[PDB]
>>> print(open('upload_30.pdb').read())   # PDB, C-alpha atoms
ATOM      1  CA  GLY A  58      86.229 125.486  74.597
ATOM      2  CA  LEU A  59      89.874 125.876  73.592
ATOM      3  CA  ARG A  60      90.678 127.371  77.009
ATOM      4  CA  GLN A  61      89.241 124.289  78.688
ATOM      5  CA  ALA A  62      91.053 122.210  76.060
ATOM      6  CA  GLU A  63      94.612 123.155  76.963
ATOM      7  CA  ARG A  64      93.751 122.593  80.631
ATOM      8  CA  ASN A  65      92.562 119.095  79.741
ATOM      9  CA  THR A  66      95.721 118.542  77.681
ATOM     10  CA  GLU A  67      98.040 119.585  80.510
ATOM     11  CA  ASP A  68      96.096 117.437  82.983
ATOM     12  CA  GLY A  69      96.533 114.473  80.645
ATOM     13  CA  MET A  70     100.245 115.185  80.299
ATOM     14  CA  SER A  71     100.462 115.281  84.102
ATOM     15  CA  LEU A  72      98.746 111.885  84.139
ATOM     16  CA  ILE A  73     101.324 110.566  81.661
ATOM     17  CA  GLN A  74     104.064 111.980  83.890
ATOM     18  CA  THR A  75     102.509 110.000  86.740
ATOM     19  CA  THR A  76     102.622 106.898  84.529
ATOM     20  CA  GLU A  77     106.295 107.338  83.665
ATOM     21  CA  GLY A  78     107.074 107.985  87.332
ATOM     22  CA  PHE A  79     105.340 104.699  88.075
ATOM     23  CA  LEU A  80     107.588 103.188  85.401
ATOM     24  CA  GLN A  81     111.189 104.201  86.230
ATOM     25  CA  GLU A  82     111.187 102.594  89.670
ATOM     26  CA  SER A  83     109.649  99.475  88.104
ATOM     27  CA  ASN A  84     112.568  99.421  85.666
ATOM     28  CA  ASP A  85     114.831  99.403  88.720
ATOM     29  CA  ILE A  86     112.591  96.745  90.367
ATOM     30  CA  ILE A  87     113.335  94.557  87.350
ATOM     31  CA  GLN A  88     117.007  95.350  86.829
ATOM     32  CA  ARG A  89     118.285  94.665  90.331
ATOM     33  CA  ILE A  90     116.696  91.205  90.148
ATOM     34  CA  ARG A  91     118.280  90.813  86.709
ATOM     35  CA  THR A  92     121.651  91.487  88.345
ATOM     36  CA  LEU A  93     120.898  89.040  91.167
ATOM     37  CA  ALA A  94     119.887  86.327  88.694
ATOM     38  CA  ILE A  95     123.050  86.889  86.662
ATOM     39  CA  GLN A  96     125.029  86.571  89.899
ATOM     40  CA  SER A  97     123.211  83.319  90.711
ATOM     41  CA  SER A  98     124.808  81.727  87.629
ATOM     42  CA  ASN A  99     128.052  81.315  89.598
ATOM     43  CA  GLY A 100     128.613  77.690  90.572
ATOM     44  CA  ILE A 101     130.566  78.478  93.745
ATOM     45  CA  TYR A 102     127.262  79.300  95.448
ATOM     46  CA  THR A 103     125.706  76.755  97.810
ATOM     47  CA  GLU A 104     122.017  75.841  97.976
ATOM     48  CA  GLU A 105     121.159  77.778 101.150
ATOM     49  CA  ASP A 106     122.370  81.003  99.541
ATOM     50  CA  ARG A 107     120.119  80.202  96.579
ATOM     51  CA  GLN A 108     117.232  79.744  99.017
ATOM     52  CA  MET A 109     117.977  83.123 100.609
ATOM     53  CA  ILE A 110     118.125  84.712  97.149
ATOM     54  CA  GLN A 111     114.721  83.187  96.387
ATOM     55  CA  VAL A 112     113.397  84.529  99.701
ATOM     56  CA  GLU A 113     114.651  87.985  98.732
ATOM     57  CA  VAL A 114     113.097  87.707  95.254
ATOM     58  CA  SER A 115     109.799  86.762  96.907
ATOM     59  CA  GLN A 116     109.388  90.153  98.579
ATOM     60  CA  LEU A 117     111.073  91.797  95.592
ATOM     61  CA  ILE A 118     108.316  90.592  93.243
ATOM     62  CA  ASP A 119     105.764  91.369  95.958
ATOM     63  CA  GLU A 120     106.918  94.983  95.638
ATOM     64  CA  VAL A 121     106.080  95.254  91.933
ATOM     65  CA  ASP A 122     102.833  93.325  92.405
ATOM     66  CA  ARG A 123     101.764  95.723  95.163
ATOM     67  CA  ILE A 124     102.716  98.716  93.010
ATOM     68  CA  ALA A 125     100.708  97.366  90.072
ATOM     69  CA  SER A 126      97.706  96.678  92.304
ATOM     70  CA  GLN A 127      97.892 100.135  93.895
ATOM     71  CA  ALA A 128      99.214 102.326  91.062
ATOM     72  CA  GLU A 129      96.435 104.914  91.021
ATOM     73  CA  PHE A 130      95.791 108.442  89.782
ATOM     74  CA  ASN A 131      92.545 110.231  90.676
ATOM     75  CA  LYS A 132      90.835 107.177  92.223
ATOM     76  CA  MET A 133      91.614 105.123  89.108
ATOM     77  CA  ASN A 134      94.031 102.215  88.744
ATOM     78  CA  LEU A 135      96.594 102.250  85.940
ATOM     79  CA  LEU A 136      98.852  99.189  85.749
ATOM     80  CA  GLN A 137      95.995  96.655  85.841
ATOM     81  CA  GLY A 138      95.560  97.156  82.090
ATOM     82  CA  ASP A 139      91.812  97.742  82.140
ATOM     83  CA  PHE A 140      92.442  99.933  79.074
ATOM     84  CA  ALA A 141      94.677  97.617  77.034
ATOM     85  CA  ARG A 142      94.409  97.052  73.287
ATOM     86  CA  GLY A 143      91.775  94.444  74.082
ATOM     87  CA  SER A 144      90.216  96.587  76.806
ATOM     88  CA  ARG A 145      87.729  94.653  78.928
ATOM     89  CA  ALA A 146      86.222  97.312  81.226
ATOM     90  CA  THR A 147      86.210 100.841  79.752
ATOM     91  CA  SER A 148      88.314 103.558  78.101
ATOM     92  CA  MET A 149      89.602 107.072  78.754
ATOM     93  CA  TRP A 150      89.113 109.925  76.295
ATOM     94  CA  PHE A 151      91.037 113.199  76.055
ATOM     95  CA  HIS A 152      88.808 116.035  74.849
ATOM     96  CA  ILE A 153      91.626 118.049  73.270
ATOM     97  CA  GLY A 154      89.370 119.974  70.885
ATOM     98  CA  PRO A 155      86.382 122.273  71.376
ATOM     99  CA  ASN A 156      84.199 120.004  69.229
ATOM    100  CA  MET A 157      82.442 117.092  70.915
ATOM    101  CA  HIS A 158      83.979 114.540  68.529
ATOM    102  CA  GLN A 159      87.586 115.760  68.936
ATOM    103  CA  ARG A 160      88.415 113.190  71.625
ATOM    104  CA  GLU A 161      91.409 110.843  71.515
ATOM    105  CA  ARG A 162      92.457 107.596  73.192
ATOM    106  CA  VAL A 163      95.665 106.278  74.733
ATOM    107  CA  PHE A 164      96.350 102.582  75.315
ATOM    108  CA  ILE A 165      98.336 101.005  78.159
ATOM    109  CA  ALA A 166      98.637  97.235  78.498
ATOM    110  CA  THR A 167      98.461  95.217  81.709
ATOM    111  CA  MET A 168     101.718  95.568  83.651
ATOM    112  CA  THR A 169     101.104  92.901  86.300
TER     113      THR A 169
ATOM    114  CA  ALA B 170     118.760  80.928 122.615
ATOM    115  CA  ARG B 171     116.064  78.360 123.391
ATOM    116  CA  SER B 172     114.423  79.193 120.060
ATOM    117  CA  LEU B 173     117.906  78.747 118.578
ATOM    118  CA  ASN B 174     118.268  75.624 120.798
ATOM    119  CA  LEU B 175     121.548  76.950 122.203
ATOM    120  CA  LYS B 176     120.023  76.109 125.596
ATOM    121  CA  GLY B 177     117.672  73.353 126.669
ATOM    122  CA  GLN B 178     113.915  73.781 126.677
ATOM    123  CA  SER B 179     114.067  73.860 130.490
ATOM    124  CA  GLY B 180     116.993  76.307 130.443
ATOM    125  CA  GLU B 181     119.861  73.810 130.593
ATOM    126  CA  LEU B 182     123.125  75.316 129.360
ATOM    127  CA  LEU B 183     124.909  73.624 126.455
ATOM    128  CA  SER B 184     128.137  72.284 127.970
ATOM    129  CA  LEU B 185     131.383  71.376 126.208
ATOM    130  CA  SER B 186     133.131  69.357 128.937
ATOM    131  CA  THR B 187     133.224  66.335 126.596
ATOM    132  CA  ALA B 188     135.261  66.136 123.399
ATOM    133  CA  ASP B 189     132.440  64.381 121.542
ATOM    134  CA  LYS B 190     130.056  67.110 122.721
ATOM    135  CA  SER B 191     132.076  69.705 120.803
ATOM    136  CA  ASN B 192     131.872  67.703 117.571
ATOM    137  CA  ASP B 193     128.098  67.282 117.854
ATOM    138  CA  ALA B 194     127.548  70.876 119.001
ATOM    139  CA  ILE B 195     129.066  72.063 115.704
ATOM    140  CA  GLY B 196     125.877  71.338 113.768
ATOM    141  CA  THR B 197     123.832  73.291 116.307
ATOM    142  CA  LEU B 198     125.906  76.425 115.741
ATOM    143  CA  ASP B 199     125.850  75.894 111.974
ATOM    144  CA  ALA B 200     122.045  75.772 112.090
ATOM    145  CA  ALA B 201     122.003  78.901 114.257
ATOM    146  CA  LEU B 202     124.243  80.705 111.760
ATOM    147  CA  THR B 203     122.008  79.576 108.893
ATOM    148  CA  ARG B 204     118.902  80.907 110.650
ATOM    149  CA  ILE B 205     120.694  84.192 111.368
ATOM    150  CA  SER B 206     121.614  84.465 107.682
ATOM    151  CA  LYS B 207     118.005  83.772 106.679
ATOM    152  CA  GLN B 208     116.838  86.539 109.013
ATOM    153  CA  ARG B 209     119.498  88.844 107.545
ATOM    154  CA  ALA B 210     118.155  88.170 104.050
ATOM    155  CA  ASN B 211     114.632  88.827 105.337
ATOM    156  CA  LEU B 212     115.679  92.213 106.734
ATOM    157  CA  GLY B 213     117.484  92.934 103.472
ATOM    158  CA  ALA B 214     114.284  92.403 101.521
ATOM    159  CA  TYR B 215     112.542  94.531 104.150
ATOM    160  CA  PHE B 216     114.683  97.615 103.695
ATOM    161  CA  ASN B 217     114.832  97.197  99.912
ATOM    162  CA  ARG B 218     111.027  97.233  99.909
ATOM    163  CA  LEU B 219     111.029 100.250 102.222
ATOM    164  CA  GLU B 220     113.360 102.318 100.032
ATOM    165  CA  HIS B 221     111.534 101.348  96.830
ATOM    166  CA  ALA B 222     108.266 102.431  98.445
ATOM    167  CA  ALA B 223     109.859 105.665  99.664
ATOM    168  CA  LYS B 224     111.107 106.702  96.226
ATOM    169  CA  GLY B 225     107.823 105.709  94.583
TER     170      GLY B 225
END
>>> encode(input="upload_30.pdb", output="structure tokens")
Amino acid sequence: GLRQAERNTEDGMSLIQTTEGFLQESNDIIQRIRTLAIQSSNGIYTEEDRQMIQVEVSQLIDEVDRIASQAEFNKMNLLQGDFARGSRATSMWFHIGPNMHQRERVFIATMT
Amino acid sequence: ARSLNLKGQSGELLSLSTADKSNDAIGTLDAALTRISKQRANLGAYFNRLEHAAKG
């Protein structure tokens, strides 16, 4: 049981590594838009340049929306928040101990 | 060019033999430049999306 247990633990840690890897690029996908919005504060800009910035931001947000819709690990979606604090669909359990009742939960909110 | 209305729908070439033609033709080229800039922004979003997807 313990031998299966550390295998389960390392698989779960790999899953968490997948989550964080899904997170760093999203941090970038927020920050570059933050920079663009800060740049937009300049009054020297026209209105057509603002429209082009909005057009850019359209696809830019489409990127993170597509990632959230398709962020998956072992035929299971992650960023949809099906497992949030107020989970609506189901839960995951990590059987880290040999006993049947030694299972633990992790909570991730909706990232859409 | 026809889509950018630089030439007529039948293929007529935008002439500048008249002084007033040059003044009115200015707005045409400004609109063409604006559309080119919009397409440039579109391609910018395109490659930004491509590189984000690649790293992910």
>>> resolve_selection(input="upload_30.pdb", expression="the PyMOL selection byres ((chain B) within 9 of (chain A))", output="list in words")
residues 203, 206, 207, 210, 211, 213, 214, 215, 217, 218, 221, 222, 224 and 225 of chain B
>>> atom_distance(input="upload_30.pdb", atom1="atom CA of residue A:154", atom2="atom CA of residue A:73")
18.6 Å
>>> atom_distance(input="upload_30.pdb", atom1="atom CA of residue B:171", atom2="atom CA of residue B:200")
13.0 Å
>>> closest_residue(input="upload_30.pdb", among="A:89, A:72, A:65, A:59", to="residue A:133", atoms="all atoms listed in the file")
A:72
>>> resolve_selection(input="upload_30.pdb", expression="the PyMOL selection byres ((chain A and resi 136) around 12)", output="VMD selection string")
chain A and resid 75 to 77 79 to 80 83 121 to 130 133 to 135 137 to 141 164 to 169
>>> closest_residue(input="upload_30.pdb", among="A:132, A:162, A:107, A:60", to="residue A:149", atoms="all atoms listed in the file")
A:162
>>> atom_distance(input="upload_30.pdb", atom1="atom CA of residue B:198", atom2="atom CA of residue A:93")
28.1 Å
>>> resolve_selection(input="upload_30.pdb", expression="the PyMOL selection byres ((chain A and resi 160) around 12)", output="MDAnalysis selection string")
chainID A and resid 62 65:66 148:159 161:163
>>> residues_around(input="upload_30.pdb", residues="residue B:170", least_positions_apart="4", cutoff="10 Å", atoms="all atoms listed in the file", output="list in words")
residues 174, 175, 176, 177, 178, 180, 182 and 201 of chain B
>>> decode(input="upload_30.pdb", residues="stretch 63-88 of chain A", atoms="N, CA and C atoms", output="mmCIF file, in the first residue's frame")
data_model
loop_
_atom_site.group_PDB
_atom_site.id
_atom_site.type_symbol
_atom_site.label_atom_id
_atom_site.label_comp_id
_atom_site.auth_asym_id
_atom_site.auth_seq_id
_atom_site.Cartn_x
_atom_site.Cartn_y
_atom_site.Cartn_z
ATOM 1 N N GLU A 63 3.418 6.239 -2.602
ATOM 2 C CA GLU A 63 4.327 7.294 -3.063
ATOM 3 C C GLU A 63 4.185 7.504 -4.565
ATOM 4 N N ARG A 64 3.814 6.455 -5.303
ATOM 5 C CA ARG A 64 3.526 6.612 -6.724
ATOM 6 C C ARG A 64 2.346 7.552 -6.935
ATOM 7 N N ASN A 65 1.288 7.374 -6.142
ATOM 8 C CA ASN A 65 0.152 8.286 -6.224
ATOM 9 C C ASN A 65 0.567 9.708 -5.864
ATOM 10 N N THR A 66 1.410 9.853 -4.840
ATOM 11 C CA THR A 66 1.852 11.177 -4.412
ATOM 12 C C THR A 66 2.653 11.875 -5.507
ATOM 13 N N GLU A 67 3.564 11.146 -6.154
ATOM 14 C CA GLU A 67 4.372 11.762 -7.201
ATOM 15 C C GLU A 67 3.532 12.065 -8.437
ATOM 16 N N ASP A 68 2.535 11.226 -8.734
ATOM 17 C CA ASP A 68 1.618 11.548 -9.823
ATOM 18 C C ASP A 68 0.833 12.820 -9.522
ATOM 19 N N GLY A 69 0.371 12.971 -8.280
ATOM 20 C CA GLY A 69 -0.319 14.194 -7.903
ATOM 21 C C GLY A 69 0.576 15.417 -7.974
ATOM 22 N N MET A 70 1.838 15.270 -7.568
ATOM 23 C CA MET A 70 2.764 16.395 -7.659
ATOM 24 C C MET A 70 3.046 16.748 -9.116
ATOM 25 N N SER A 71 3.098 15.742 -9.993
ATOM 26 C CA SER A 71 3.193 16.011 -11.425
ATOM 27 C C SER A 71 1.969 16.768 -11.924
ATOM 28 N N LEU A 72 0.786 16.397 -11.436
ATOM 29 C CA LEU A 72 -0.426 17.124 -11.804
ATOM 30 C C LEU A 72 -0.347 18.579 -11.352
ATOM 31 N N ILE A 73 0.160 18.812 -10.141
ATOM 32 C CA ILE A 73 0.299 20.181 -9.645
ATOM 33 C C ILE A 73 1.337 20.945 -10.462
ATOM 34 N N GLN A 74 2.388 20.257 -10.908
ATOM 35 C CA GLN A 74 3.345 20.884 -11.814
ATOM 36 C C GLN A 74 2.671 21.280 -13.121
ATOM 37 N N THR A 75 1.777 20.428 -13.624
ATOM 38 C CA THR A 75 1.003 20.786 -14.808
ATOM 39 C C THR A 75 0.149 22.021 -14.548
ATOM 40 N N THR A 76 -0.449 22.107 -13.358
ATOM 41 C CA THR A 76 -1.253 23.280 -13.015
ATOM 42 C C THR A 76 -0.404 24.546 -13.024
ATOM 43 N N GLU A 77 0.744 24.510 -12.347
ATOM 44 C CA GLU A 77 1.581 25.704 -12.290
ATOM 45 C C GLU A 77 2.101 26.079 -13.672
ATOM 46 N N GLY A 78 2.401 25.078 -14.509
ATOM 47 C CA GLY A 78 2.789 25.358 -15.880
ATOM 48 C C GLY A 78 1.666 25.990 -16.677
ATOM 49 N N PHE A 79 0.425 25.596 -16.387
ATOM 50 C CA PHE A 79 -0.726 26.295 -16.944
ATOM 51 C C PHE A 79 -0.896 27.681 -16.340
ATOM 52 N N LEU A 80 -0.215 27.968 -15.232
ATOM 53 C CA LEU A 80 -0.379 29.273 -14.599
ATOM 54 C C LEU A 80 0.647 30.328 -15.019
ATOM 55 N N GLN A 81 1.924 29.974 -15.218
ATOM 56 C CA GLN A 81 2.905 31.040 -15.475
ATOM 57 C C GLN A 81 2.584 31.788 -16.768
ATOM 58 N N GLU A 82 2.273 31.048 -17.835
ATOM 59 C CA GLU A 82 1.947 31.719 -19.085
ATOM 60 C C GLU A 82 0.710 32.585 -18.921
ATOM 61 N N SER A 83 -0.259 32.146 -18.112
ATOM 62 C CA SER A 83 -1.438 32.968 -17.849
ATOM 63 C C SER A 83 -1.061 34.255 -17.125
ATOM 64 N N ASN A 84 -0.093 34.176 -16.210
ATOM 65 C CA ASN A 84 0.430 35.391 -15.589
ATOM 66 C C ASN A 84 0.967 36.341 -16.650
ATOM 67 N N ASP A 85 1.684 35.798 -17.633
ATOM 68 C CA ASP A 85 2.166 36.638 -18.731
ATOM 69 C C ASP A 85 1.007 37.199 -19.557
ATOM 70 N N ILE A 86 -0.019 36.375 -19.781
ATOM 71 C CA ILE A 86 -1.204 36.668 -20.584
ATOM 72 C C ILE A 86 -2.055 37.728 -19.896
ATOM 73 N N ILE A 87 -1.808 37.962 -18.614
ATOM 74 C CA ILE A 87 -2.411 39.083 -17.909
ATOM 75 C C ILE A 87 -1.496 40.301 -17.909
ATOM 76 N N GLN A 88 -0.197 40.089 -17.690
ATOM 77 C CA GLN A 88 0.692 41.220 -17.478
ATOM 78 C C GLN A 88 0.918 42.019 -18.755
#
